[PDB]
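The structure appears right after this line, and notes come after that.
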Amino acid sequence: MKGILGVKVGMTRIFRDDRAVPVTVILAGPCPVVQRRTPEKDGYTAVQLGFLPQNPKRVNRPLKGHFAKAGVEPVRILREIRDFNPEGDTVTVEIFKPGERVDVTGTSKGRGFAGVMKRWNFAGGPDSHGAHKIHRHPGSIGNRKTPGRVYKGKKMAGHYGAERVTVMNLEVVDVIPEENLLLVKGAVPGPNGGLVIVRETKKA
Amino acid sequence: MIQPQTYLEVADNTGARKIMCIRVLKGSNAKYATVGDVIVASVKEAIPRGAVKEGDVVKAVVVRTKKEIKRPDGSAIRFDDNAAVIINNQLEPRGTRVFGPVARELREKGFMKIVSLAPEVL
Amino acid sequence: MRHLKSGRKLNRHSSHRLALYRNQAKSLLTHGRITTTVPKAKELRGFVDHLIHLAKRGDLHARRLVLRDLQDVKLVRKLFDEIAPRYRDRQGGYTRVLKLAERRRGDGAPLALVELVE
Amino acid sequence: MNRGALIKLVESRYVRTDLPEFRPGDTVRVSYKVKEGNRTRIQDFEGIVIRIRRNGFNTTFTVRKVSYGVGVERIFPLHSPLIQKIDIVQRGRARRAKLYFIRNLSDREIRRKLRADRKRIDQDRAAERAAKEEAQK
Amino acid sequence: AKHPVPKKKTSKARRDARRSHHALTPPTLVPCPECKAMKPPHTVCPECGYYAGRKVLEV
RNA sequence: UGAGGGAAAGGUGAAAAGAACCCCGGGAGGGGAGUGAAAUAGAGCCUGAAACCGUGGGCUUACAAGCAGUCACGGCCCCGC
RNA sequence: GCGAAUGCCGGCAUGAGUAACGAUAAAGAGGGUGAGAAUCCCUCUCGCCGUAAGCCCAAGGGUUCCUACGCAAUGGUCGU
RNA sequence: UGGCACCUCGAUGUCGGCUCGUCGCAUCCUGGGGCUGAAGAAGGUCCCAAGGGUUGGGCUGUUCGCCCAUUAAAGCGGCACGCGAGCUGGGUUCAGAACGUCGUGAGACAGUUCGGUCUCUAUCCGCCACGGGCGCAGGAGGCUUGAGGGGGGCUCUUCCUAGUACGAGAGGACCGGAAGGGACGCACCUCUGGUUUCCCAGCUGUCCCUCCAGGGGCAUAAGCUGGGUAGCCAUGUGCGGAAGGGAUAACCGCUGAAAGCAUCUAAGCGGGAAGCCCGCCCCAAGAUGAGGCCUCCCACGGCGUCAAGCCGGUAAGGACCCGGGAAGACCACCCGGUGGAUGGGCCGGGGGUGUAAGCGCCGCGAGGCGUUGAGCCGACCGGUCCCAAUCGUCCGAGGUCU
Ligand SMILES: [Mg+2]
Ligand SMILES: [Mg+2]
Ligand SMILES: [Mg+2]
Ligand SMILES: [Mg+2]
Ligand SMILES: [Mg+2]
Ligand SMILES: [Mg+2]
Ligand SMILES: [Mg+2]
Ligand SMILES: [Mg+2]
Ligand SMILES: [Mg+2]
Ligand SMILES: [Mg+2]
Ligand SMILES: [Mg+2]
Ligand SMILES: [Mg+2]
Ligand SMILES: [Mg+2]
Ligand SMILES: [Mg+2]
Ligand SMILES: [Mg+2]
Ligand SMILES: [Mg+2]
Ligand SMILES: [Mg+2]
Ligand SMILES: [Mg+2]
Ligand SMILES: [Mg+2]
Ligand SMILES: [Mg+2]
Ligand SMILES: [Mg+2]
Ligand SMILES: [Mg+2]
Ligand SMILES: [Mg+2]
Ligand SMILES: [Mg+2]
Ligand SMILES: [Mg+2]
Ligand SMILES: [Mg+2]
Ligand SMILES: [Mg+2]
Ligand SMILES: [Mg+2]
Ligand SMILES: [Mg+2]
Ligand SMILES: [Mg+2]
Ligand SMILES: [Mg+2]
Ligand SMILES: [Mg+2]
Ligand SMILES: [Mg+2]
Ligand SMILES: [Mg+2]
Ligand SMILES: [Mg+2]
Ligand SMILES: [Mg+2]
Ligand SMILES: [Mg+2]
Ligand SMILES: [Mg+2]
Ligand SMILES: [Mg+2]
Ligand SMILES: [Mg+2]
Ligand SMILES: [Mg+2]
Ligand SMILES: [Mg+2]
Ligand SMILES: [Mg+2]
Ligand SMILES: [Mg+2]
Ligand SMILES: [Mg+2]
Ligand SMILES: [Mg+2]
Ligand SMILES: [Mg+2]
Ligand SMILES: [Mg+2]
Ligand SMILES: [Mg+2]
Ligand SMILES: [Mg+2]
Ligand SMILES: [Mg+2]
Ligand SMILES: [Mg+2]
Ligand SMILES: [Mg+2]
Ligand SMILES: [Mg+2]
Ligand SMILES: [Mg+2]
Ligand SMILES: [Mg+2]
Ligand SMILES: [Mg+2]
Ligand SMILES: [Mg+2]
Ligand SMILES: [Mg+2]
Ligand SMILES: [Mg+2]
Ligand SMILES: [Mg+2]
Ligand SMILES: [Mg+2]
Ligand SMILES: [Mg+2]
Ligand SMILES: [Mg+2]
Ligand SMILES: [Mg+2]
Ligand SMILES: [Mg+2]
Ligand SMILES: [Mg+2]
Ligand SMILES: [Mg+2]
Ligand SMILES: [Mg+2]
Ligand SMILES: [Mg+2]
Ligand SMILES: [Mg+2]
Ligand SMILES: [Mg+2]
Ligand SMILES: [Mg+2]
Ligand SMILES: [Mg+2]
Ligand SMILES: [Mg+2]
Ligand SMILES: [Mg+2]
Ligand SMILES: [Mg+2]
Ligand SMILES: [Mg+2]
Ligand SMILES: [Mg+2]
Ligand SMILES: [Mg+2]
Ligand SMILES: [Mg+2]
Ligand SMILES: [Mg+2]
Ligand SMILES: [Mg+2]
């Protein structure tokens, strides 16, 4: 199960032989590994990567002080990529091949305290025809005496977005070796600058 | 992208001039209708001496929309007005001269006799 | 939801905001130093620095662009004839914003002390 | 340098930047086409281009023409492999760069508001390139 | 009288518990680098006046 | 409008001897000093309860479900040789 | 001889530091008085009414008019 | 539809519709199977199965019901004939008025028609989200397993097999493969189309700056019109449901006695569904059952009811304050704070707008030309320390017991 740390840098169109492909260029550069798990130590046996460089003065040293591999500590979240196993130095893009289906797991855009019509795609009341204040309200939220209480998960307003979102079955278009970039087929979760992990899709 | 209660303009010479479509044949709840899509239309106004009278419930295929057709190479195309061609129940046009331009998706979606009949296919 | 919009909306409308920047430009360029609230100042600096960078040219058209937002000819000739020479050896950022203590009694708002850089 | 037009310049190493610059005037545009299996039959398409929404690599433009009493307009990406894009009559006079007002009035008064230019005609015929220097000596 | 009404009154163990969060915090007071008085950070010492530069007006 | 309806509001001290004067405070308000049997008898001031609002001390509560109580065991604190 | 009468009178609670603070015409800045100024006085800009949000009378109200001294109380905040 | 009259007359808002769902199966379809008066397809009936769907309209206030076009289907019910501290008031259960009938009349009709006040502030439970305190038996920075819980749990058409099997023929499959659709859910703004409030251009009336020119205010809380980048969306784009494993319901079995035969069952072993549990994704150690791993610091610096459980500073760290952020109601999360590109200004690029002001020429003039793809720039991307994060301040273990 191949995977990588990446960051969205924007999206555009590429041109194939006949059809244009809505690619997302994504910067999954050289990722230093810092720690390997073990079945005899923790069991689940994952591998811990970290990707983007940090100057050694903003660190606080429970973090500064990892051993020989990746002495220069990275910035972002040291993600473990779930039974992937590299050789030991770094993970480049050439682990991936063009024509493979890759999963992208990132962090989507939080819309704030988003509404119920924008959040759960309701319909609401009409604008005309006497409607007092129902133009964006959800409406009825239950029943009278039996059952009484409102059920759990009634799909009302709250914090829509800003959660870890996985978009799946993305085919690899092109690989850029000199800057270590990837070109997925659109619809990556996350903004311009949102870190993702890119695994292998199954879909066997 | 034509909907119920839409006045398609007939680009055929079957007598009908302007029709109003109701139900799109795609499945359970066909919301829209692209170009190359069989619809059911009632004939509002017609020219005389034609086999298609007023109030006939006929089938048709949509050949021109004001909303774009998105070609798969990234390119797209729009038209000036909504148009339809009076098809029968066995997917054959009742008229032997279709007016104006049509699209290219009629070819890859089955219809050859319409596209071969259209003078300037876009 | 302003996921990228800068704006600096100030509980007013558009013409009150632009005429407010017109008024604080005249009041800041008349006496130099100024004392106001903090978010009005931290966007007013991006306006007065635009007026001083449109004062570095001095070519009969940027004078008119200064006169689009400064309707006093006596203030514009004082701006060009007394402010424009001594800032020519500085590239950008001709206005310092230093926050002032002793907040207002009736409002409880933090104060801002904004003056021309020496 | 983590983000911007240097990363977006890497996927612009197949750009076709030899085709000429054009204002909103009359032109003709041929294009590759896939139908009935074979990829042959490049197709010409003339008319007045309306909107020039240039944006980085993936620019777009729309050529409208009147076809048999039906206004048919067309959305082109300018960098997909269209072969020749030659301008028939460089009319121009684009006082408005987005001349969407034509789609209301479909009549002879198009060119009285979209008049023929003189400037780009002057540096076009002055830039006609016909200087026989190749194997002249 | 209208649509929201308190059905029962809140006791001391609920009124005196909802007031527990909103309390005044002590304002931070760093010493002035010239003045021997306290002042919040990133603003003007009211007697110092930024190392006596753009200060409360002296003679 | 009007015919008409229609309130609440007593208490310093024996004698104002009603707090000179100093200090903080813009003033108000007091802290001292003094008069006074008493000043929590300070000027709408005798006694001054309860509801109510706090301050200080002992016990107990962040894994327990109750018209909140009663009984039992135990722990902690305070009186009493 | 009170605990009940959607009892009465007087005080104090809950609702709660919650809603509102009264036409979406619009405020900003520099000085002065003052212990204390977004609100008081002066000056420079901006906006609003201008068949009035301007002026003159009769109704009506009864010193609300002016000056000087002050903020016990009032001004839906402060306020000299 | 009833019967009863048991809480409700100091009142528990009545029909219908919109939004929002949830549940049962006695299943409308999709999924299996037995029988058939099942040649094949299409059928009829019955058993299991509620996982997902159950259209867009006309008519009437209608639930219901009747028609148009489709689909595989436009299921029956409950949840105060679900839902008025959500909404609608079309009918009925208000005062006006009229029609037909009854009544001498006043008036009445479970007969008809027009019109007719639908009540800003959430106290507690519930629910959607985000927090503070404390705990997690030394204190912190991270990474992460998953006890458990929800989402999705769809479905049609065309072609090869195959016009073969079957049937005289008309007709026309099971098994399996390939492609494309209808609805719903997630993510994005590159293509298409919107908004983009002062970003640009043009224009009318008035006033003002200074007469001309050129500008500014108002005509909305944009003065109108045409555009409009970033951002936010769908009308756009990319994906999702699975592929596979186990135990299974109906059903089909293998071996086999009771009951020398037979038998799917009494022992066992199987096959067998959109059903269940696995599997995908996020929530998640307040899973006190408080998990696991790596790294940094740690004896006294004084003394009890002794290793703080009597206290003052302090190590790792954290907190206050400021700049900010597709992070955000507040809070919280994340990146920085001179060892800096975190924000503002400027520069360069992208992009919006479209030939700026002025000068010269032509024309009596309105106006047109060259200077000029110039001038103007809100966000997109880098660089620049020019300005602002200057100085700083406060908590923080001192390593209990078998
Ligand atoms: Mg956000
Ligand atoms: Mg709506
Ligand atoms: Mg409304
Ligand atoms: Mg209403
Ligand atoms: Mg219950
Ligand atoms: Mg910004
Ligand atoms: Mg306000
Ligand atoms: Mg570029
Ligand atoms: Mg209390
Ligand atoms: Mg004495
Ligand atoms: Mg006393
Ligand atoms: Mg005394
Ligand atoms: Mg007292
Ligand atoms: Mg008193
Ligand atoms: Mg007495
Ligand atoms: Mg007393
Ligand atoms: Mg206490
Ligand atoms: Mg427990
Ligand atoms: Mg406990
Ligand atoms: Mg008990
Ligand atoms: Mg009593
Ligand atoms: Mg009462
Ligand atoms: Mg009372
Ligand atoms: Mg509050
Ligand atoms: Mg509130
Ligand atoms: Mg409240
Ligand atoms: Mg309020
Ligand atoms: Mg206001
Ligand atoms: Mg002022
Ligand atoms: Mg002042
Ligand atoms: Mg002063
Ligand atoms: Mg003011
Ligand atoms: Mg009088
Ligand atoms: Mg009076
Ligand atoms: Mg008086
Ligand atoms: Mg006075
Ligand atoms: Mg006062
Ligand atoms: Mg007051
Ligand atoms: Mg005074
Ligand atoms: Mg009954
Ligand atoms: Mg009885
Ligand atoms: Mg009651
Ligand atoms: Mg009732
Ligand atoms: Mg009733
Ligand atoms: Mg059944
Ligand atoms: Mg049945
Ligand atoms: Mg079946
Ligand atoms: Mg059959
Ligand atoms: Mg169900
Ligand atoms: Mg269902
Ligand atoms: Mg209702
Ligand atoms: Mg109600
Ligand atoms: Mg209700
Ligand atoms: Mg009604
Ligand atoms: Mg009504
Ligand atoms: Mg009546
Ligand atoms: Mg309100
Ligand atoms: Mg609440
Ligand atoms: Mg918490
Ligand atoms: Mg996790
Ligand atoms: Mg689990
Ligand atoms: Mg639980
Ligand atoms: Mg589950
Ligand atoms: Mg767009
Ligand atoms: Mg946009
Ligand atoms: Mg004006
Ligand atoms: Mg006016
Ligand atoms: Mg306006
Ligand atoms: Mg206005
Ligand atoms: Mg047998
Ligand atoms: Mg069995
Ligand atoms: Mg079995
Ligand atoms: Mg099985
Ligand atoms: Mg910066
Ligand atoms: Mg450019
Ligand atoms: Mg450009
Ligand atoms: Mg330029
Ligand atoms: Mg710029
Ligand atoms: Mg630029
Ligand atoms: Mg702006
Ligand atoms: Mg920028
Ligand atoms: Mg930037
Ligand atoms: Mg640079």
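So which residues in the range C:82-114 are acidic (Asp, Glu) and over 15 Å from C:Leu51 (Cβ atoms)?
Matches in the range C:82-114: C:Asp89, C:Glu102, C:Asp107.
Exactly one of these conditions fails for D:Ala131: (1) of a type in the set (A, V, I, L, M, F, W, C); (2) within 14 Å of chain B (Cβ to nearest Cβ); (3) more than 24 Å from B:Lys66 (Cα to Cα). Give me its number.
(2)
Being near RNA strand H (Cβ under 6 Å from one of its atoms) and loosely packed, with under 11 Cβ neighbours inside 10 Å is the filter; apply it to the range E:22-43 and report the residue that is nearest to the other protein chains (Cβ to nearest Cβ).
It comes out as E:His42.
Restrict the check to the range E:50-58 and report whether at least one residue is hydroxyl-bearing (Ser, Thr, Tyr), away from ligand 5 (no atom under 16 Å from the Cβ), within 14 Å of chain C (Cβ to nearest Cβ) and touching a strand residue (DSSP E or B) at 6+ places or on another chain (Cβ under 9 Å).
Yes, the range E:50-58 has at least one match.
Tell me which of these A:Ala20 doesn't satisfy, since it passes every other one: (1) within 14 Å of chain B (Cβ to nearest Cβ); (2) under 21 Å from the mean Cα position of the chain (by Cα).
The number of the failed condition is (2).
Does the range A:61-76 hold any residues that are part of a loop (DSSP other than H, G, I, E, B), in contact (Cβ under 8 Å) with a residue 12 or more places away in the chain and farther than 23 Å from A:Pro39 by Cα, and which are they?
Residues satisfying the conditions are A:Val72, A:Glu73, A:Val75, A:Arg76.
Within 14 Å of another protein chain (Cβ to nearest Cβ), more than 17 Å from D:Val70 (Cα to Cα) and more than 13 Å from the chain's Cα centre (by Cα): does that describe B:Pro119?
Taking the combined requirement at face value, the residue does not satisfy it.
Check A:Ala68 against each of (1) within 24 Å of A:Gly161 (Cβ to Cβ); (2) more than 16 Å from ligand 2 (Cβ to nearest atom); (3) more than 14 Å from every other protein chain (Cβ to nearest Cβ) and name the one condition it does not meet.
The one condition A:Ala68 does not meet is (1).
Quick check: is even one residue across the range A:157-177 more than 16 Å from ligand 5 (Cβ to nearest atom) and farther than 30 Å from D:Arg3 by Cβ? Before the answer, list the steps.
Kept after step one, since they are more than 16 Å from ligand 5 (Cβ to nearest atom), are these residues of the range A:157-177: A:157-177.
Next, only the ones that are farther than 30 Å from D:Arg3 by Cβ stay: A:157-158.
Yes, the range A:157-177 has at least one match.
Can A:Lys109 be described as more than 16 Å from ligand 2 (Cβ to nearest atom), within 14 Å of chain C (Cβ to nearest Cβ), farther than 21 Å from A:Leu182 by Cα and among the basic types (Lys, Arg)?
Judged against the criteria, A:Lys109 is a match.
Looking at the structure I just gave you, is E:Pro41 in contact with a strand residue (DSSP E or B) (Cβ under 9 Å, 6 or more places away or on another chain), outside any strand (DSSP E or B) and farther than 14 Å from C:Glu102 by Cβ?
Answer is yes for this residue.
What is the residue count in the range C:27-38 for residues that are in a helix (DSSP H, G or I) and either touching a residue at least 60 places away in the same chain (Cβ under 8 Å) or exposed (fewer than 15 other Cβ atoms within 10 Å of the Cβ) (or both)?
Final tally of qualifying residues: 5.
Exactly one of these conditions fails for E:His3: (1) assigned to a loop (DSSP other than H, G, I, E, B); (2) under 18 Å from C:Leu113 (Cα atoms). Give me its number.
Result: E:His3 passes all but (2).
Please identify the pairs in which a residue from the range C:1-21 that is within 14 Å of another protein chain (Cβ to nearest Cβ) has its Cβ atom under 9 Å from the Cβ atom of a residue that is within 16 Å of RNA strand G (Cβ to nearest atom), counting only partners at least 6 apart or on another chain.
Close Cβ pairs satisfying both conditions: C:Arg2/C:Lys9.
Only one of these is more than 8 Å from every other protein chain (Cβ to nearest Cβ), polar (S, T, N, Q) and more than 11 Å from the chain's Cα centre (by Cα): D:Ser80, D:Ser12. Name it.
Of D:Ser80, D:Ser12, the one residue that is more than 8 Å from every other protein chain (Cβ to nearest Cβ), polar (S, T, N, Q) and more than 11 Å from the chain's Cα centre (by Cα) is D:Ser12.
Anything in the range A:112-131 that is in contact with a strand residue (DSSP E or B) (Cβ under 8 Å, 6 or more places away or on another chain) and either assigned to a loop (DSSP other than H, G, I, E, B) or within 16 Å of ligand 2 (Cβ to nearest atom) (or both)? List them, or say none.
A:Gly112, A:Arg119, listed by residue number.
Quick one: in the range A:23-46, which of the residues that are outside any loop (DSSP other than H, G, I, E, B) and farther than 14 Å from A:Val198 by Cβ is nearest to the other protein chains (Cβ to nearest Cβ)?
So, considering only residues that are outside any loop (DSSP other than H, G, I, E, B) and farther than 14 Å from A:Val198 by Cβ, the one nearest to the other protein chains (Cβ to nearest Cβ) is A:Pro32.
Just checking, how many residues over the range A:186-199 are away from chain D (no Cβ under 14 Å) and farther than 15 Å from A:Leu49 by Cβ?
Applying the first criterion (away from chain D (no Cβ under 14 Å)) to the range A:186-199 yields A:187-189, A:196-199.
So of that shortlist, the ones also farther than 15 Å from A:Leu49 by Cβ come out as A:187-189.
Summing the residues that are away from chain D (no Cβ under 14 Å) and farther than 15 Å from A:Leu49 by Cβ in the range A:186-199 gives 3.
Name the one entry in A:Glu87, A:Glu179 that is assigned to a loop (DSSP other than H, G, I, E, B), more than 8 Å from RNA strand H (Cβ to nearest atom) and closer than 26 Å to A:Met11 by Cβ. Break it down stepwise before answering.
Working: A:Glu87 fails: closer than 26 Å to A:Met11 by Cβ.
Just a single option satisfies the conditions, and that option is A:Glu179.
So A:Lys133 clears everything in (1) within 16 Å of RNA strand G (Cβ to nearest atom); (2) charged (D, E, K, R); (3) surrounded by 10 or more Cβ atoms within 10 Å (Cβ to Cβ) except one condition, right? Which one?
So the condition that A:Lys133 fails would be (3).
Any chance the range A:139-156 includes a residue that's touching a residue at least 24 places away in the same chain (Cβ under 8 Å), away from chain D (no Cβ under 14 Å) and among the charged types (D, E, K, R)?
Looking through the range A:139-156, at least one residue is touching a residue at least 24 places away in the same chain (Cβ under 8 Å), away from chain D (no Cβ under 14 Å) and among the charged types (D, E, K, R).
Could you please let me know if A:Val150 is outside any loop (DSSP other than H, G, I, E, B), more than 16 Å from ligand 9 (Cβ to nearest atom) and surrounded by 10 or more Cβ atoms within 10 Å (Cβ to Cβ)?
no
Just checking, how many residues over the range B:51-89 are more than 11 Å from the chain's Cα centre (by Cα) and either within 14 Å of chain A (Cβ to nearest Cβ) or hydroxyl-bearing (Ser, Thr, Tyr) (or both)?
Of the residues in the range B:51-89, 7 are more than 11 Å from the chain's Cα centre (by Cα) and either within 14 Å of chain A (Cβ to nearest Cβ) or hydroxyl-bearing (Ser, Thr, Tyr) (or both).
Looking at the range A:114-137, I want the residues that are in contact (Cβ under 8 Å) with a residue 40 or more places away in the chain and away from chain C (no Cβ under 14 Å) and have a partner that is among the aliphatic types (A, V, I, L, M) and away from ligand 1 (no atom under 16 Å from the Cβ) with Cβ atoms under 8 Å, at least 6 apart or on another chain. Which pairs are those?
If the second residue must be among the aliphatic types (A, V, I, L, M) and away from ligand 1 (no atom under 16 Å from the Cβ), the pairs left are A:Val116/A:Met156.
Give the range D:15-33 a look and list any residue that's assigned to a loop (DSSP other than H, G, I, E, B), of a type in the set (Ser, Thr, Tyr) and more than 10 Å from chain A (Cβ to nearest Cβ), or say none.
Hit for the range D:15-33 is D:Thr17, nothing else.
Could you check D:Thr27 against (1) within 12 Å of the chain's Cα centre (by Cα); (2) surrounded by fewer than 19 Cβ atoms within 10 Å (Cβ to Cβ) and say which number it fails?
Unmet condition: (2).
For residues that are closer than 16 Å to D:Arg54 by Cα and among the aliphatic types (A, V, I, L, M), scanning just the range D:1-29, find the one that is nearest to ligand 3 (Cβ to nearest atom).
Step by step, filter the range D:1-29, then rank; the result is D:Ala5.
Among the residues of the range C:26-44, is there at least one that is more than 23 Å from C:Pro85 (Cβ to Cβ), near RNA strand H (Cβ under 7 Å from one of its atoms) and within 14 Å of chain A (Cβ to nearest Cβ)?
No, the range C:26-44 contains no residue that is more than 23 Å from C:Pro85 (Cβ to Cβ), near RNA strand H (Cβ under 7 Å from one of its atoms) and within 14 Å of chain A (Cβ to nearest Cβ).
No lab work stands behind these numbers, since they all come straight from the coordinates. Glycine also receives a Cβ, built like all others from the backbone with ideal geometry; neighbour counts cover every protein chain displayed.
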